[PDB]
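S.K.: An experimental structure, sequence included, is below.
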Amino acid sequence: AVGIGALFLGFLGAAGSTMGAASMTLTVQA
């Protein structure tokens, strides 16, 4: 139950966190 699922979650959480910074870290939302 939710065994290997842990490996995709671990790396797929890098893509969202990296593409979120390109959201203009100035002050505008997105």
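M.R.: That came through fine. Residues are numbered from 1 along each chain as shown.
S.K.: burial measure for residue 18, as a count.
M.R.: Per other C-beta atoms under 10 Å, the neighbour tally for residue 18 reads 9. Where you see a C-beta, it was placed from the backbone N, CA and C, and this is true even at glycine.
S.K.: again, but for residue 20
M.R.: For residue 20, the number of neighbouring residues by other C-beta under 10 Å comes to 10.
S.K.: Distance of it relative to residue 14?
M.R.: Relative to residue 14, residue 20 is positioned 11 Å away (criterion: C-beta to C-beta, to the nearest Å).
S.K.: then whichever strand or helix holds residue 16 to PDB, C-alphas only?
M.R.: Secondary-structure assignment from DSSP states H and E places residue 16 in helix 5-19. Below are the C-alpha coordinates for helix 5-19, written out as PDB (Å, rounded to 0.1, in the frame of the first residue of the first chain):
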ATOM      1  CA  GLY A   5       4.400   5.500  -4.900                       C
ATOM      2  CA  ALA A   6       6.900   7.100  -2.500                       C
ATOM      3  CA  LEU A   7       9.600   7.300  -5.200                       C
ATOM      4  CA  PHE A   8       7.500   9.200  -7.800                       C
ATOM      5  CA  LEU A   9       6.200  11.600  -5.100                       C
ATOM      6  CA  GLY A  10       9.700  12.300  -3.900                       C
ATOM      7  CA  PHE A  11      10.900  13.500  -7.400                       C
ATOM      8  CA  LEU A  12       7.600  14.900  -8.800                       C
ATOM      9  CA  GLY A  13       7.700  17.300  -5.800                       C
ATOM     10  CA  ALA A  14      10.900  18.900  -7.400                       C
ATOM     11  CA  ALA A  15       9.100  19.900 -10.600                       C
ATOM     12  CA  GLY A  16       6.400  22.000  -8.900                       C
ATOM     13  CA  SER A  17       8.800  23.600  -6.500                       C
ATOM     14  CA  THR A  18      11.200  24.600  -9.300                       C
ATOM     15  CA  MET A  19       8.500  25.900 -11.700                       C
END
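S.K.: Alright, I will stop here.
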